[PDB]
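Source file: run-v2.txt (compact mmCIF, N, CA, C and O atoms)
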```txt
# COMPACT_ATOMS: atom_id res chain seq x y z
N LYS R 1 73.36 -55.09 64.10
CA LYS R 1 73.42 -55.16 65.55
C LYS R 1 72.24 -54.44 66.19
O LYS R 1 71.66 -54.92 67.17
N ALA R 2 71.87 -53.29 65.62
CA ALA R 2 70.83 -52.45 66.20
C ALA R 2 69.48 -53.15 66.18
O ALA R 2 68.62 -52.88 67.01
N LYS R 3 69.30 -54.05 65.22
CA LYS R 3 68.05 -54.78 65.07
C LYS R 3 67.82 -55.71 66.26
O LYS R 3 66.68 -56.01 66.61
N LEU R 4 68.91 -56.17 66.87
CA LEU R 4 68.83 -57.07 68.01
C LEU R 4 68.94 -56.32 69.32
O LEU R 4 69.52 -55.23 69.38
N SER R 5 68.38 -56.89 70.38
CA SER R 5 68.55 -56.36 71.73
C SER R 5 69.93 -56.68 72.27
O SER R 5 70.65 -57.52 71.73
N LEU R 6 70.31 -56.01 73.35
CA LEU R 6 71.59 -56.26 74.01
C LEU R 6 71.62 -57.66 74.61
O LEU R 6 72.69 -58.27 74.72
N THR R 7 70.46 -58.16 75.01
CA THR R 7 70.34 -59.54 75.48
C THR R 7 70.56 -60.52 74.34
O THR R 7 71.31 -61.49 74.48
N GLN R 8 69.91 -60.27 73.21
CA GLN R 8 70.07 -61.12 72.03
C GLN R 8 71.50 -61.06 71.50
O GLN R 8 72.05 -62.07 71.07
N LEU R 9 72.08 -59.87 71.52
CA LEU R 9 73.42 -59.66 70.99
C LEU R 9 74.45 -60.44 71.79
O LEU R 9 75.31 -61.12 71.23
N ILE R 10 74.37 -60.34 73.12
CA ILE R 10 75.30 -61.03 74.00
C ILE R 10 75.15 -62.55 73.88
O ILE R 10 76.14 -63.27 73.77
N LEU R 11 73.90 -63.01 73.91
CA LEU R 11 73.62 -64.44 73.87
C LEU R 11 74.06 -65.06 72.54
O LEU R 11 74.65 -66.14 72.51
N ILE R 12 73.78 -64.36 71.45
CA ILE R 12 74.15 -64.82 70.12
C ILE R 12 75.66 -64.76 69.93
O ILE R 12 76.25 -65.64 69.29
N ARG R 13 76.28 -63.72 70.47
CA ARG R 13 77.73 -63.59 70.44
C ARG R 13 78.41 -64.71 71.22
O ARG R 13 79.45 -65.23 70.80
N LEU R 14 77.82 -65.08 72.35
CA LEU R 14 78.35 -66.15 73.18
C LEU R 14 77.96 -67.52 72.63
O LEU R 14 78.56 -68.53 72.99
N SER R 15 76.95 -67.53 71.76
CA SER R 15 76.62 -68.73 71.00
C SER R 15 77.68 -69.03 69.95
O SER R 15 78.02 -70.19 69.72
N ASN R 16 78.20 -67.99 69.33
CA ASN R 16 79.26 -68.13 68.34
C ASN R 16 80.58 -68.51 69.00
O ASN R 16 81.32 -69.35 68.48
N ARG R 17 80.87 -67.89 70.13
CA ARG R 17 82.07 -68.21 70.90
C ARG R 17 81.74 -68.40 72.38
O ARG R 17 81.13 -67.54 73.00
N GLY R 18 82.15 -69.54 72.93
CA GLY R 18 81.65 -69.99 74.22
C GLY R 18 81.82 -68.90 75.28
O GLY R 18 80.96 -68.73 76.15
N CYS R 19 82.93 -68.18 75.21
CA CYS R 19 83.27 -67.20 76.23
C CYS R 19 83.80 -65.91 75.61
O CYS R 19 84.68 -65.94 74.74
N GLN R 20 83.27 -64.78 76.06
CA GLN R 20 83.77 -63.48 75.63
C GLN R 20 83.99 -62.56 76.82
O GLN R 20 83.44 -62.78 77.91
N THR R 21 84.81 -61.53 76.63
CA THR R 21 85.05 -60.53 77.66
C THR R 21 84.03 -59.39 77.56
O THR R 21 83.33 -59.25 76.56
N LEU R 22 83.96 -58.58 78.61
CA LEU R 22 83.10 -57.40 78.61
C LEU R 22 83.52 -56.42 77.54
O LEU R 22 82.68 -55.75 76.93
N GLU R 23 84.83 -56.33 77.30
CA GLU R 23 85.36 -55.42 76.30
C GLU R 23 85.05 -55.90 74.89
O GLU R 23 84.77 -55.09 73.99
N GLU R 24 85.08 -57.21 74.69
CA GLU R 24 84.72 -57.81 73.41
C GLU R 24 83.23 -57.67 73.15
O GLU R 24 82.81 -57.43 72.01
N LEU R 25 82.43 -57.81 74.20
CA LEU R 25 80.99 -57.58 74.10
C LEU R 25 80.68 -56.09 73.93
O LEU R 25 79.70 -55.72 73.29
N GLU R 26 81.54 -55.25 74.50
CA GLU R 26 81.42 -53.81 74.32
C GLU R 26 81.60 -53.41 72.86
O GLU R 26 80.83 -52.61 72.33
N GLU R 27 82.61 -53.98 72.22
CA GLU R 27 82.89 -53.69 70.82
C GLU R 27 81.83 -54.29 69.91
O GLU R 27 81.48 -53.72 68.89
N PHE R 28 81.32 -55.46 70.30
CA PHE R 28 80.29 -56.14 69.53
C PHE R 28 78.99 -55.34 69.52
O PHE R 28 78.38 -55.13 68.47
N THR R 29 78.57 -54.90 70.70
CA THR R 29 77.28 -54.23 70.86
C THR R 29 77.42 -52.72 70.68
O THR R 29 76.46 -52.04 70.32
N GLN R 30 78.62 -52.21 70.93
CA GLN R 30 78.84 -50.77 71.04
C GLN R 30 77.93 -50.16 72.10
O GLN R 30 77.48 -49.02 71.96
N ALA R 31 77.66 -50.92 73.15
CA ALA R 31 76.91 -50.41 74.29
C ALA R 31 77.83 -50.06 75.45
O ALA R 31 79.01 -50.42 75.45
N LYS R 32 77.28 -49.36 76.44
CA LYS R 32 78.04 -49.01 77.64
C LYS R 32 78.32 -50.25 78.49
O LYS R 32 77.54 -51.20 78.49
N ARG R 33 79.43 -50.23 79.21
CA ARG R 33 79.83 -51.36 80.04
C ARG R 33 78.81 -51.63 81.13
O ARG R 33 78.44 -52.78 81.37
N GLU R 34 78.35 -50.57 81.78
CA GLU R 34 77.37 -50.70 82.86
C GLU R 34 76.06 -51.29 82.35
O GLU R 34 75.47 -52.16 83.00
N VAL R 35 75.62 -50.82 81.19
CA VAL R 35 74.37 -51.29 80.61
C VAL R 35 74.46 -52.76 80.23
O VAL R 35 73.51 -53.52 80.43
N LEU R 36 75.60 -53.17 79.69
CA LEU R 36 75.84 -54.56 79.35
C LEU R 36 75.91 -55.43 80.60
O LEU R 36 75.46 -56.58 80.59
N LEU R 37 76.47 -54.88 81.67
CA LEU R 37 76.60 -55.61 82.93
C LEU R 37 75.24 -55.86 83.57
O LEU R 37 75.04 -56.87 84.24
N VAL R 38 74.31 -54.94 83.35
CA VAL R 38 72.93 -55.12 83.78
C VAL R 38 72.31 -56.35 83.14
O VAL R 38 71.68 -57.17 83.82
N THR R 39 72.50 -56.49 81.83
CA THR R 39 72.02 -57.66 81.11
C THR R 39 72.74 -58.92 81.55
O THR R 39 72.12 -59.97 81.75
N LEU R 40 74.05 -58.82 81.71
CA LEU R 40 74.87 -59.96 82.11
C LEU R 40 74.51 -60.43 83.51
O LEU R 40 74.50 -61.63 83.79
N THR R 41 74.23 -59.48 84.39
CA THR R 41 73.89 -59.79 85.78
C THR R 41 72.52 -60.45 85.87
O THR R 41 72.34 -61.42 86.60
N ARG R 42 71.55 -59.91 85.13
CA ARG R 42 70.19 -60.44 85.14
C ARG R 42 70.14 -61.84 84.54
O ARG R 42 69.37 -62.68 84.99
N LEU R 43 70.97 -62.08 83.53
CA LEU R 43 71.12 -63.41 82.96
C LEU R 43 71.92 -64.31 83.88
O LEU R 43 71.70 -65.52 83.93
N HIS R 44 72.87 -63.72 84.61
CA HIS R 44 73.67 -64.47 85.57
C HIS R 44 72.81 -65.03 86.70
O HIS R 44 72.99 -66.17 87.12
N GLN R 45 71.87 -64.22 87.17
CA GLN R 45 70.94 -64.65 88.21
C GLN R 45 70.01 -65.75 87.70
O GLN R 45 69.51 -66.56 88.48
N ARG R 46 69.79 -65.77 86.39
CA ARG R 46 68.93 -66.77 85.77
C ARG R 46 69.70 -68.04 85.46
O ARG R 46 69.12 -69.04 85.03
N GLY R 47 71.01 -68.01 85.69
CA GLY R 47 71.86 -69.17 85.45
C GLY R 47 72.12 -69.36 83.96
O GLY R 47 72.30 -70.48 83.49
N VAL R 48 72.13 -68.25 83.22
CA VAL R 48 72.33 -68.30 81.78
C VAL R 48 73.79 -68.01 81.42
O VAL R 48 74.44 -68.79 80.73
N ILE R 49 74.29 -66.87 81.89
CA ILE R 49 75.66 -66.47 81.63
C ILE R 49 76.48 -66.43 82.92
O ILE R 49 76.11 -65.75 83.88
N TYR R 50 77.58 -67.17 82.94
CA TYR R 50 78.40 -67.29 84.14
C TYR R 50 79.70 -66.50 84.01
O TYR R 50 80.18 -66.28 82.90
N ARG R 51 80.25 -66.08 85.14
CA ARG R 51 81.41 -65.20 85.14
C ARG R 51 82.57 -65.82 85.90
O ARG R 51 82.38 -66.60 86.83
N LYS R 52 83.79 -65.48 85.48
CA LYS R 52 84.99 -65.96 86.15
C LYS R 52 86.18 -65.05 85.87
O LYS R 52 86.36 -64.58 84.75
N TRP R 53 86.99 -64.81 86.89
CA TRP R 53 88.20 -64.01 86.74
C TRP R 53 89.36 -64.86 86.22
O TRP R 53 89.52 -66.01 86.62
N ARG R 54 90.16 -64.28 85.33
CA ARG R 54 91.34 -64.96 84.80
C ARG R 54 92.53 -64.02 84.75
O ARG R 54 92.46 -62.94 84.15
N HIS R 55 93.63 -64.42 85.37
CA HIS R 55 94.87 -63.66 85.33
C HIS R 55 95.49 -63.68 83.93
O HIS R 55 95.59 -64.74 83.31
N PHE R 56 95.89 -62.52 83.45
CA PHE R 56 96.41 -62.39 82.09
C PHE R 56 97.33 -61.18 81.96
O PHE R 56 96.91 -60.04 82.18
N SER R 57 98.59 -61.44 81.61
CA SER R 57 99.54 -60.38 81.34
C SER R 57 99.71 -59.46 82.55
O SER R 57 99.90 -58.26 82.41
N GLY R 58 99.63 -60.05 83.74
CA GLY R 58 99.95 -59.33 84.97
C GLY R 58 98.70 -58.70 85.58
O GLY R 58 98.76 -58.08 86.64
N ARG R 59 97.57 -58.88 84.90
CA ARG R 59 96.31 -58.30 85.36
C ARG R 59 95.17 -59.30 85.23
O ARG R 59 95.10 -60.07 84.27
N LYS R 60 94.26 -59.30 86.21
CA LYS R 60 93.11 -60.19 86.19
C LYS R 60 91.93 -59.55 85.49
O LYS R 60 91.53 -58.43 85.81
N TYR R 61 91.37 -60.26 84.52
CA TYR R 61 90.19 -59.79 83.80
C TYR R 61 89.03 -60.77 83.94
O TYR R 61 89.23 -61.99 83.95
N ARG R 62 87.82 -60.24 84.04
CA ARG R 62 86.62 -61.06 84.16
C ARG R 62 86.03 -61.39 82.80
O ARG R 62 85.83 -60.50 81.97
N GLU R 63 85.77 -62.67 82.56
CA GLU R 63 85.18 -63.11 81.31
C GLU R 63 83.87 -63.86 81.54
O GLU R 63 83.63 -64.38 82.63
N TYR R 64 83.03 -63.92 80.52
CA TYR R 64 81.69 -64.47 80.65
C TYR R 64 81.48 -65.65 79.70
O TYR R 64 81.78 -65.55 78.51
N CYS R 65 80.97 -66.75 80.24
CA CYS R 65 80.68 -67.93 79.43
C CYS R 65 79.18 -68.21 79.38
O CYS R 65 78.47 -67.98 80.36
N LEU R 66 78.71 -68.72 78.25
CA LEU R 66 77.29 -69.01 78.07
C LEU R 66 76.99 -70.47 78.38
O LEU R 66 77.60 -71.37 77.82
N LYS R 67 76.03 -70.69 79.28
CA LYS R 67 75.58 -72.04 79.59
C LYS R 67 76.74 -72.92 80.01
O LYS R 67 76.87 -74.06 79.55
N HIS R 68 77.58 -72.41 80.90
CA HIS R 68 78.75 -73.15 81.38
C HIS R 68 78.73 -73.27 82.90
O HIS R 68 78.75 -72.27 83.61
N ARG R 69 78.70 -74.51 83.38
CA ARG R 69 78.61 -74.77 84.82
C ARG R 69 79.64 -73.95 85.59
O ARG R 69 80.82 -73.95 85.25
N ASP R 70 79.18 -73.26 86.63
CA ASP R 70 80.06 -72.44 87.45
C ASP R 70 81.15 -73.28 88.10
O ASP R 70 82.30 -72.85 88.21
N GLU R 71 80.78 -74.48 88.54
CA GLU R 71 81.74 -75.42 89.11
C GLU R 71 82.84 -75.74 88.12
O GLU R 71 84.02 -75.77 88.47
N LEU R 72 82.46 -75.99 86.87
CA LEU R 72 83.42 -76.29 85.81
C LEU R 72 84.32 -75.10 85.53
O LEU R 72 85.50 -75.26 85.21
N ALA R 73 83.76 -73.90 85.64
CA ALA R 73 84.54 -72.68 85.48
C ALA R 73 85.65 -72.59 86.51
O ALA R 73 86.78 -72.21 86.19
N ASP R 74 85.33 -72.94 87.75
CA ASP R 74 86.32 -72.94 88.83
C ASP R 74 87.40 -73.98 88.59
O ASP R 74 88.57 -73.77 88.91
N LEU R 75 87.00 -75.12 88.02
CA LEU R 75 87.92 -76.22 87.77
C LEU R 75 88.85 -75.91 86.61
O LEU R 75 90.04 -76.25 86.64
N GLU R 76 88.31 -75.27 85.58
CA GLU R 76 89.08 -74.95 84.38
C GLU R 76 90.03 -73.78 84.63
O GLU R 76 91.17 -73.79 84.17
N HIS R 77 89.54 -72.78 85.35
CA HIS R 77 90.33 -71.58 85.62
C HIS R 77 91.14 -71.72 86.90
O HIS R 77 92.18 -72.33 86.88
```

Spell out the structure here as structure tokens.
Amino acid sequence: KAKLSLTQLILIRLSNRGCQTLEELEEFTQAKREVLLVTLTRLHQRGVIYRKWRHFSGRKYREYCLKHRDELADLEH
């Protein structure tokens, strides 16, 4: 993991699985949430990684999908 950047780690992780959570990316990278969010946000502005809230077990959690139309995210969720 250390050999790759946090950008590479997230993108490759989301390449393996279309959508992951911040907590799952946290465990994957072992990086800080804020630091990962910086990468996710900068990629989000580039239209690379998209975000959507999903209600689960009485609580809403935000998850991130790679190369997934935001419109489609709204339709699916």

Give one line per residue of range 4-60 of chain R that approaches range 67-74 of chain R to at most 9 Å, naming the two atoms of the closest pair and their distance in Å to one decimal, counting only C-alpha atoms; sort by chain then ascending residue number and deliver it as a tab-separated table.
```
residue	atom	partner	partner_atom	distance
R:18	CA	R:68	CA	8.3
R:47	CA	R:67	CA	7.5
R:48	CA	R:67	CA	5.4
R:49	CA	R:67	CA	5.9
R:50	CA	R:70	CA	6.3
R:51	CA	R:70	CA	7.7
R:52	CA	R:73	CA	6.8
```

Contacts of range 1-16 of chain R within 6 Å, only N, CA, C and O atoms, excl. fewer than 2 positions in-chain, as a list in words | residues 18, 19, 20, 28 and 66 of chain R

Limited to N, CA, C and O atoms, could you put the picked residues into a file as an mmCIF file, in the coordinates of the input?
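Written file, again.cif:
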```
data_model
loop_
_atom_site.group_PDB
_atom_site.id
_atom_site.type_symbol
_atom_site.label_atom_id
_atom_site.label_comp_id
_atom_site.auth_asym_id
_atom_site.auth_seq_id
_atom_site.Cartn_x
_atom_site.Cartn_y
_atom_site.Cartn_z
ATOM 1 N N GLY R 18 82.150 -69.540 72.930
ATOM 2 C CA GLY R 18 81.650 -69.990 74.220
ATOM 3 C C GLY R 18 81.820 -68.900 75.280
ATOM 4 O O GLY R 18 80.960 -68.730 76.150
ATOM 5 N N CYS R 19 82.930 -68.180 75.210
ATOM 6 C CA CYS R 19 83.270 -67.200 76.230
ATOM 7 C C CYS R 19 83.800 -65.910 75.610
ATOM 8 O O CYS R 19 84.680 -65.940 74.740
ATOM 9 N N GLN R 20 83.270 -64.780 76.060
ATOM 10 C CA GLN R 20 83.770 -63.480 75.630
ATOM 11 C C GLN R 20 83.990 -62.560 76.820
ATOM 12 O O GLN R 20 83.440 -62.780 77.910
ATOM 13 N N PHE R 28 81.320 -55.460 70.300
ATOM 14 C CA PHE R 28 80.290 -56.140 69.530
ATOM 15 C C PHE R 28 78.990 -55.340 69.520
ATOM 16 O O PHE R 28 78.380 -55.130 68.470
ATOM 17 N N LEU R 66 78.710 -68.720 78.250
ATOM 18 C CA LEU R 66 77.290 -69.010 78.070
ATOM 19 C C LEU R 66 76.990 -70.470 78.380
ATOM 20 O O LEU R 66 77.600 -71.370 77.820
#
```

Neighbours of point (89.7, -52.8, 78.5) within 12 Å, using only C-alpha atoms, written as a list in words |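 Residues lying no farther than 12 Å from the given point: residues 21, 22, 23, 24, 25, 26, 27, 33, 59, 60, 61, 62 and 63 of chain R.
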
Strand (DSSP E) positions in range 1-64 of chain R, given as a ChimeraX atom specification | /R:19-21,49-56,59-64

In Å, how far is it from atom C of residue 36 in chain R to atom O of residue 75 in chain R?
->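 Value for the atom C of residue 36 in chain R-atom O of residue 75 in chain R distance: 25.9 Å.
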
Enumerate the residues of chain R with a DSSP assignment of alpha helix (DSSP H), computed from the backbone, and present them as a ChimeraX atom specification.
-> /R:6-16,22-29,33-45,70-76

As a check of understanding: the span from atom N of residue 53 in chain R to atom N of residue 35 in chain R is 18.9 Å

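Put simply, atom N of residue 42 in chain R is 25.2 Å away from CA of residue 56 in chain R.
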
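With distances restricted to only C-alpha atoms, R:54 is the closest residue to residue 77 in chain R from R:54, R:43, R:17, R:38.
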